[PDB]
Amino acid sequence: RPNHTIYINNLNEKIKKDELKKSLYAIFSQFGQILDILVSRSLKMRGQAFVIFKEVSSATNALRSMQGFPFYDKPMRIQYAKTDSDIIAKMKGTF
């Protein structure tokens, strides 16, 4: 169910978080404004992220375009985030 936020897993776990955030931005800025980028902090939940755009269209183009893109040599699984799963993640430390 479409959202202005995509959820990514199968990210590369041997990548520090700041670099991860920036690289994600580098590859996703093309689809529109990005309000924020969160990466996972737990270990459950080891190679995961949320990218929060402003517009739903941004997220849709991003999902279509980047599905399976070999980011740091691992094709991403990308889907729409469940509603509020990002703010709930940030509110805890799951991130």
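Position 1 is the first residue in the sequence shown; the rest follow in order.
Trainee: With respect to the recorded C-alpha B factors, which stretch has the higher mean value, 32-40 or 66-74?
Mentor: 32-40 has the higher mean C-alpha B-factor.
Trainee: Based on the deposited C-alpha B factors for this chain, I'd like to know if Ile27 is in the lowest, middle or highest third.
Mentor: Answer is lowest: the recorded C-alpha B-factor places it there.
Trainee: Comparing against every modelled residue in the chain, figure out the third that the C-alpha B-factor of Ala59 lands in (lowest, middle or highest).
Mentor: Middle third by C-alpha B-factor.
Trainee: Sorting by Cα B-factor within the chain, modelled residues only, which third would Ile87 end up in: lowest, middle or highest?
Mentor: It falls in the top third of the chain.
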